[PDB]
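Residue numbers (the entry's author numbering), protein chains in the order written: chain G, 6 to 62; chain N, 1 to 127; chain R, 22 to 230, 247 to 319; chain A, 11 to 61, 68 to 246; chain B, 3 to 130, 133 to 340.
Have a look at the structure below, then the notes.
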Amino acid sequence: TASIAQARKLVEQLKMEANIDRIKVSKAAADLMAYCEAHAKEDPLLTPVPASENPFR
Amino acid sequence: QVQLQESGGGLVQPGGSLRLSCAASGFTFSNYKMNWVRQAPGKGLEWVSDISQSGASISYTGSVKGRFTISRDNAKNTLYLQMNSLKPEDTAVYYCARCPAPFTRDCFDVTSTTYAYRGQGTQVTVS
Amino acid sequence: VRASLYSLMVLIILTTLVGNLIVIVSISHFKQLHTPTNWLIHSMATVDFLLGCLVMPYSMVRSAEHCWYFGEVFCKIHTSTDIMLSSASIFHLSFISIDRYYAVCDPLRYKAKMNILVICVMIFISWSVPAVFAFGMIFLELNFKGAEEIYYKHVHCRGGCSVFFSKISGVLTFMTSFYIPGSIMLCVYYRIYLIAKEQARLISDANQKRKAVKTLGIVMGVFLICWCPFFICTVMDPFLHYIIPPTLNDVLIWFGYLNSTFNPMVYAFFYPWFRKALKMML
Amino acid sequence: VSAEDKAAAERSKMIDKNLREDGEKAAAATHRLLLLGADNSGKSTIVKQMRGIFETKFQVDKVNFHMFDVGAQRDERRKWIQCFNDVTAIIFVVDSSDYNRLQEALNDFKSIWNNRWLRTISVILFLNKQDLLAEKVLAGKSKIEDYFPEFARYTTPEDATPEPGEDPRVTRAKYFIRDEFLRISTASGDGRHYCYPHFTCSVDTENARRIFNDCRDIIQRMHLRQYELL
Amino acid sequence: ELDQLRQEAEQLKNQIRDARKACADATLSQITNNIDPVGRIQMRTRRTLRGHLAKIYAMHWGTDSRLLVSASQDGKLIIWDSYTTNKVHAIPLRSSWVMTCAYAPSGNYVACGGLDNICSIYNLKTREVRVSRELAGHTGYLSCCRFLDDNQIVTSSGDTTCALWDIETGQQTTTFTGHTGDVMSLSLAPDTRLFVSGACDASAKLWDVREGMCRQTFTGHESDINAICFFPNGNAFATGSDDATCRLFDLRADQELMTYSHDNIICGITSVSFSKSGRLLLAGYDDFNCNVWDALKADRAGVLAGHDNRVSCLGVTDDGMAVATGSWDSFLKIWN
Ligand SMILES: Cc1c(F)cccc1[C@H]1COC(N)=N1
């Protein structure tokens, strides 16, 4: 009976997904905001680099 | 989640009618070409009906042409297949599997054994 | 008036110059347009650009003023360059026609029969054979070798200097610069038209169960209307005792120049692969 | 300007050169064919002579043909077939004898035809097992009307060319399959591709010549379209 | 015996969705309405990289941000030098049907793979390039492979299973099954401890490299997923799908955050990649060009038009200096 084995594996995976400490989506949004703000001036694409420092002139 | 739960069917004598419907969730139903592939016990999956994105182009497999009829309600997010004048050979499990890409006519891989976007299935028994 | 006529000639010259310049820079710049057919088209555009920058401006002076305003040796060099560049343009037309004949009637063994080696051979033949023929004949003075008194009378009657062809030289320049390339294009545009109609008919019949006309009409009509009058009138003159008026010669000559004016249009702008590519940079 | 920089530039030059000769040697006078179909078909027996992903390189008249046969991947072919978006043609093979799988053969054909990436890819349709179809229709135990109700109102085409020996029922059946395929072929064609029917048998030897002529027509029509002659 | 287990799975799914709804206090779009806009981020093709004779199917930037390897159907696996436009190497591929390529973090190795179902490893730094290894065992085609180090490689496959390989040993050390459709792309975490992968079942699952089984599965997409890449923070990733939608999922929140799609766009995404900061979500659509998004604002903030054919691959350097897009037009363009 491989079908019931696959169903049992799916149940185990689903309850692994269930017993997960999900933080608040507001907290996740704040974390992403903080990361983007911290790396705001470190990203060449977000903040364009001068041509002298730019290696792809 | 792209989930397709089927409803209807059951047991009926030959010549009967059992309208099949399936609720669709997780995707913009009005943008995906629909299908009604079936699987008979002991035979491979068989594509039965078809519809267009807006229900204009409609095609049926030869064995059930005319007897069956598909119809799509975008607002209800349900695909309707009316089987009238059933035959004993119709006994099978029916899947209202859509096809993966939106805004397209080519449903390339629907009758595959492990298609991702196929429904759970309705066992229709005709005897 | 002379001013309006010169305005017409200068409009033609700027048109041909800019068209061939666009074509030259488009094939030279864009990497995707490095096909051997594109190289024939680029060489033809170079021929037309050189013609419009080196012959047409002085043909303007010889036209509007009806008299040469330059040196005699300069006049021989000018006639030399005119004949070479015109025969070069017609040779390029014939070689593009041969290219398309292979691309259509031998689609499979096409890139193995028409590669950069064969193209460059075609370009060499289209630039050198006109050079040899034109420069040699006109400078070793064969234009009227065998008929001197009539030539002297004609060049003393009127005009500072004009192109003069004897009977033998006239027939030779005809069957060297117009006829043979013209016949080649005619035969390789008629066969292509037959193939294209037949293919169009087959598709139509399958479906029920003429763009070629437009395209080949544009090509062959432009070539014929811009060359054949001049060449036939040039051939008749030795056999008709030089009767046609000089203004007729002027009109025929500038139709021959209008061919090079419309070549960058017909052979480049017409096809979609060039219109879109130009829009990338413009 | 340094010695290392000069060496790197020279290395780039030789790499570009080598790429050049390799591409001109490979891509010249060669054509790639993607072979599709089902197991019961003559999938591997179309071209009898000159024999993961399979391959079959054959030449007809100085022209090279690479005929790929994917037969190792999973059933879901909606993804890996995107790689064959440049092949000259697709050698579709149909098991005309067995009508049960013939409907999903039509479904595969319509999916290939209407695919966004396989749109400009012509199909050299090889209706195979013609002899088996002949014996089946002569036996008459299985009637094609059951699997297709449109057979009743169908009529044999006037342009059809009967073979020296063929029953009219055989001709009607085979041309009905052919026309059922050309229905999809002519439904949604952008003129960028065409289906080329060719009734073939497992014992036929002219399949290579058929593919040669069909690819010649495909490339000729593509050239005519490119040069605005079509 | 199966209906009972299906009911149990249904109620676990109901529990999971209820937990996600409870945790969904507010969306990042609602929390960022006061954020100043990024503005129009225009990018120009800095160094066009021509030389491929056929379609380009994949690329991978080097960890030095200088050497990018590209795989094409022509049979080559060139390793370009974006600084000087110098092809350092031109590896001849036995099977022209390549579908992916990767560059080792050290740089000593480069990998390929495709419809031949074999991941071929190459010694890019060799004393004498030869075929270093011929990792085989997958049944389906290879969609995307990545290097954990010079000895471990994770290769996604079309047989719905992505496996972890010991290069020198020669067989799959760990196999990550669970997908119901063909896995299409891979993405290794910044800490190289977890990797997510979208598949042909519109689901992206989070695997632990060592533990060996799926940890979290995200189902928010409508059609096949074609691309995936973690956020630089490592707690989130974005996935491109055939439904023309980029979707930001966060690992901790265990559910969707943002949706990057518009009515104008219809072509699906073939390649997505976050920027260095994560404020940009460059993605490559089928409509012959790429679109630059804004992860915080979910608003498109630029385009990368200039490719003739469909864009197949797209990657940003580790220092985020410049992005290179490889398209079917046989050309690689570095967009700084
Ligand atoms: C003089 C001569 C030829 F002998 C052959 C072709 C062309 C010319 C000149 C005069 O007419 C034009 N357009 N070029």
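For each residue, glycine too, the CB sits at the ideal point set by N, CA and C.
Once you ignore the five residues that flank residue i on each side, which residues in its own chain have a CB closer than 7 Å to its CB?
i                      : result
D69 of chain R         : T37, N41, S110, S297, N300 and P301
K57 of chain B         : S74, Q75, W332 and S334
residue 332 of chain R : A question about residue 332 of chain R goes unanswered here, because the residues of chain R that appear run from 22 up to 319.
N313 of chain B        : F292, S331, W332 and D333
Mapping the DSSP letters down to three states, classify residue i as helix, strand or coil.
i                      : result
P301 of chain R        : helix
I189 of chain R        : helix
residue 148 of chain N : Residue 148 of chain N lies beyond the range of chain N shown here (1 to 127); nothing can be said about it.
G73 of chain R         : helix
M24 of chain A         : helix
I106 of chain A        : strand
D91 of chain A         : coil
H113 of chain R        : helix
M217 of chain B        : coil
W169 of chain B        : strand
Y59 of chain B         : strand
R49 of chain B         : strand
residue 257 of chain A : In the structure as shown, chain A starts at 11 and stops at 246, and residue 257 of chain A therefore has no counterpart that could be examined.
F307 of chain R        : coil
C103 of chain B        : strand
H183 of chain B        : coil
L37 of chain G         : helix
Who are the near neighbours of residue i in its chain, counting only those whose CB is closer than 8 Å to its CB and skipping five residues on each side?
i               : result
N110 of chain B : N125, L126, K127 and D154
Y80 of chain N  : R19, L20, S21, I70, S71, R72 and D73
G73 of chain R  : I34, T37, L38, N41, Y294, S297 and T298
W297 of chain B : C250, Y264, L284, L285, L286, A287, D303, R304 and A305
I160 of chain A : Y115, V153, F167, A189 and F192
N31 of chain N  : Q53, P102 and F103
Given that a residue counts as buried once 16 or more other Cβ atoms are within 10 Å of its Cβ, and exposed if not, what is residue i?
i               : result
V200 of chain B : buried
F276 of chain R : exposed
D90 of chain N  : buried
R118 of chain N : buried
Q9 of chain B   : exposed
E6 of chain N   : buried
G216 of chain B : exposed
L285 of chain R : exposed
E174 of chain A : exposed
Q175 of chain B : exposed
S84 of chain B  : buried
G144 of chain B : buried
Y173 of chain R : exposed
To which residues of the same chain is residue i closer than 6 Å at the C-beta, ignoring the five residues directly before and after it?
i               : result
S218 of chain A : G52 and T55
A326 of chain B : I338 and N340
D230 of chain A : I140 and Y212
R98 of chain N  : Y32, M34 and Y117
(message) Please list, in chain order, the residues of the segment 37-55 of chain R that have any C-beta partner in chain B closer than 8 Å.
(response) Listed by position, the residues of the segment 37-55 of chain R near chain B (Cβ gap below 8 Å) are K52 and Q53.
(request) May I ask you to list, following chain order, the residues of the segment 45-56 of chain B that have a beta carbon less than 8 Å from some beta carbon of chain R? (result) Listed by position, the residues of the segment 45-56 of chain B near chain R (Cβ gap below 8 Å) are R52.
(message) Would the segment 209-221 of chain R count as touching the segment 121-132 of chain R if we require 3 or more Cβ pairs under 8 Å?
(response) Counting Cβ pairs under 8 Å, three or more are found: they touch.
(request) Anything in the segment 181-199 of chain A with a Cβ closer than 8 Å to a Cβ of chain R? List those residues in chain order, please. (result) Considering only beta carbons, the part of the segment 181-199 of chain A lying closer than 8 Å to chain R consists of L198, in chain order.
(request) Pair every Cβ in the segment 70-85 of chain N with every Cβ in the segment 10-19 of chain N, then say whether three or more of these pairs are closer than 8 Å. (result) Yes, the segment 70-85 of chain N touches the segment 10-19 of chain N.
(message) Residues of the segment 11-32 of chain N in Cβ contact with chain B at a cutoff of 9 Å, in chain order, please.
(response) From the segment 11-32 of chain N, only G26, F27, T28, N31 and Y32 have a Cβ closer than 9 Å to chain B.
(request) Below 8 Å between beta carbons is the criterion; list the residues of the segment 152-168 of chain A that meet it against any residue of chain N, in chain order. (result) Taking 8 Å as the Cβ-Cβ cut-off against chain N, the residues of the segment 152-168 of chain A that qualify are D162, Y163, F164, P165 and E166.
(message) At a CB distance below 9 Å, what residues from the segment 57-81 of chain B approach chain A? Give them in sequence order.
(response) Of all residues in the segment 57-81 of chain B, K57, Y59, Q75, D76, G77, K78 and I80 have a Cβ within less than 9 Å of some Cβ in chain A.
(message) Contact between the segment 212-228 of chain B and the segment 175-186 of chain B is defined here as three or more beta-carbon pairs at a separation below 8 Å; is this criterion met?
(response) The count of Cβ pairs closer than 8 Å, one atom from the segment 212-228 of chain B and one from the segment 175-186 of chain B, reaches three, so the stretches are in contact.
(message) Across the segment 180-197 of chain A and the segment 147-158 of chain A, are there enough close Cβ pairs to call them in contact, namely three or more that are closer than 8 Å?
(response) Output reads yes: the segment 147-158 of chain A touches the segment 180-197 of chain A.
(request) Compile a chain-ordered list of the residues in the segment 182-212 of chain B whose CB is closer than 7 Å to at least one CB of chain N. (result) Of all residues in the segment 182-212 of chain B, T184, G185, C204, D205 and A206 have a Cβ within less than 7 Å of some Cβ in chain N.
(message) For the structure I just gave you, are there three or more beta carbon pairs, one from the segment 182-198 of chain R and one from the segment 260-275 of chain R, closer than 8 Å?
(response) In this structure the segment 182-198 of chain R lies against the segment 260-275 of chain R, because at least three pairs of beta carbons, one per stretch, are closer than 8 Å.
(message) At a CB distance below 9 Å, what residues from the segment 229-240 of chain A approach chain R? Give them in sequence order.
(response) Taking 9 Å as the Cβ-Cβ cut-off against chain R, the residues of the segment 229-240 of chain A that qualify are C231, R232, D233, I234, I235, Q236, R237, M238, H239 and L240.
(request) Please confirm if the segment 131-146 of chain R is in contact with the segment 34-52 of chain A, defined as three or more CB-CB distances below 8 Å between the two stretches. (result) They touch, by the three-pair rule.
(message) Tell me which residues of the segment 243-254 of chain B have at least one Cβ-Cβ distance to chain G shorter than 9 Å, keeping chain order.
(response) Answer set for the segment 243-254 of chain B: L252 and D254.
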